[PDB]
Amino acid sequence: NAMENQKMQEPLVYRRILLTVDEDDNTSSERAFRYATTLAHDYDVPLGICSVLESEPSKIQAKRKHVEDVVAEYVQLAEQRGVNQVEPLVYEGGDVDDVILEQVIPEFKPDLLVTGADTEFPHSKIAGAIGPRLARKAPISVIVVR
Amino acid sequence: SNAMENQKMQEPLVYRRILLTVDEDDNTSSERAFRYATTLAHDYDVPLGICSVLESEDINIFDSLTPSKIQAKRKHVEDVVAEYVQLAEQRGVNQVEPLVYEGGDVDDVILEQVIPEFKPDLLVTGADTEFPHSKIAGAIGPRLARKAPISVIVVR
Ligand SMILES: [Mg+2]
Ligand SMILES: [Mg+2]
């Protein structure tokens, strides 16, 4: 038929994985974490775990510590899972979508963004689940995990 | 995390039943979508279904050219799905099946017919996959990522 046989056979493995997390607990966030860390473990590829502090003082440092703690806990669990290279990616900005698209993706250079279907940030310019928005707008592959 | 939570967070996640959604166009995103789905199905030994949704003839549109146009489009999409199935078998996927459906609302066909029948836990599609015949215009992947009850990867 019409497709190039050899090219269509080449394996595809994602080389640099970015997991985006919020502070909430739910089945989608658990499964997004497990997918990203299973992939990174099984194919021996780097994982970045990102969250974003939203622009609004012992209060601001407490909010910052909270985001840092959420990401640090996920990194610890990823290390326990056996992922060889995992790093925290805590970023700050006005609109989370732009922070991810304009700062995190270009700096960390992932080829896959993973996030749970429930992940959301209350002061994002567009309200609601960030995963499908990123699936539409990002220049890389995006999986929205449920 | 408490002990139970820690253990649950550690449990491997390997998708069990993969649904690849395709249109007739051969582009970078569709090639990579096919390669990701078949690499997953091969490396983890899980079933793959390869789906598309055909346009049907409209009983209120009667003319000499429309039937040929629609029939030839249907056969083209059937050919593309069959070729993807053969390529997946050549790739070494043990269980791969065609899933050709039809209807005017492709989102609804996938959500209400294909997913409940094939029972995938992951839907894969290229970022360019689109069905201009359908109710809603533009790339279907991000809409399915929003609406589906299962995980959806939009591949670029
Ligand atoms: Mg291990
Ligand atoms: Mg069956």
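Remark: B:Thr66 matches the filter, which requires a residue to be away from chain A (no Cβ under 14 Å), out of contact with any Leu (no Cβ under 9 Å at 6 or more places or on another chain) and away from ligand 2 (no atom under 16 Å from the Cβ).
Answer yes or no as to whether A:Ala72 is out of contact with any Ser or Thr (no Cβ under 7 Å at 6 or more places or on another chain), within 22 Å of A:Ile105 (Cβ to Cβ) and in a helix (DSSP H, G or I). So A:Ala72 fits the description; yes.
Screening A:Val52 against (1) within 22 Å of A:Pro122 (Cβ to Cβ); (2) part of a helix (DSSP H, G or I) leaves a single unmet condition, (2). Screening segment A:31-87 for residues that are of a type in the set (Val, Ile, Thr) and out of contact with any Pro (no Cβ under 7 Å at 6 or more places or on another chain) and picking the one that is nearest to B:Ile150 (Cα to Cα) gives A:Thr37.
When B:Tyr84 is tested against (1) of a type in the set (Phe, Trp, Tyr); (2) within 13 Å of chain A (Cβ to nearest Cβ); (3) assigned to a loop (DSSP other than H, G, I, E, B), only condition (3) is not met.
Each row is one residue, and each column tells you yes or no for (1) closer than 19 Å to A:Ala40 by Cα; (2) at the interface with chain B (Cβ under 8 Å from one of its Cβ atoms).
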residue	(1), (2)
A:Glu120	no, no
A:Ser124	no, no
A:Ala129	no, yes
A:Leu134	no, no
A:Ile140	yes, yes
A:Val145	yes, yes
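Just so you know, in segment A:87-106 the residues that are outside any helix (DSSP H, G or I) and either among the aliphatic types (A, V, I, L, M) or more than 28 Å from A:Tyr43 (Cα to Cα) (or both) include one that is nearest to ligand 2 (Cβ to nearest atom), and it is A:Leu89.
So that you can scan it fast, the table gives a plain yes or no per residue for (1) under 11 Å from the mean Cα position of the chain (by Cα); (2) surrounded by 14 or more Cβ atoms within 10 Å (Cβ to Cβ):
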| residue | (1), (2) |
| --- | --- |
| A:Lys65 | no, no |
| A:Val71 | yes, yes |
| A:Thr115 | yes, yes |
| A:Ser124 | no, yes |
| A:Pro132 | no, yes |
| A:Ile140 | no, yes |
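Checked against (1) farther than 30 Å from A:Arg81 by Cβ; (2) touching a strand residue (DSSP E or B) at 6+ places or on another chain (Cβ under 7 Å); (3) within 14 Å of chain A (Cβ to nearest Cβ); (4) not aromatic (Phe, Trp, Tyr), B:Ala37 passes all but a single condition, namely (1). Only residues that are part of a helix (DSSP H, G or I) and either more than 9 Å from every other protein chain (Cβ to nearest Cβ) or surrounded by 15 or more Cβ atoms within 10 Å (Cβ to Cβ) (or both) were counted across segment A:1-34, and they come to 11.
Note on segment A:40-63: residues that are away from every other protein chain (no Cβ under 12 Å) and either within 15 Å of ligand 1 (Cβ to nearest atom) or crowded, with 20+ Cβ neighbours inside 10 Å (or both) total 8. Please tell me if A:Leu89 is surrounded by fewer than 20 Cβ atoms within 10 Å (Cβ to Cβ), more than 16 Å from ligand 1 (Cβ to nearest atom), more than 14 Å from chain B (Cβ to nearest Cβ) and aliphatic (A, V, I, L, M). In short, no.
No Cβ is skipped: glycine too gets one built from the backbone with ideal geometry, and neighbour counts run over all protein chains shown. Read-outs throughout are calculated quantities, based only on the coordinates presented, and are distinct from any laboratory measurement.
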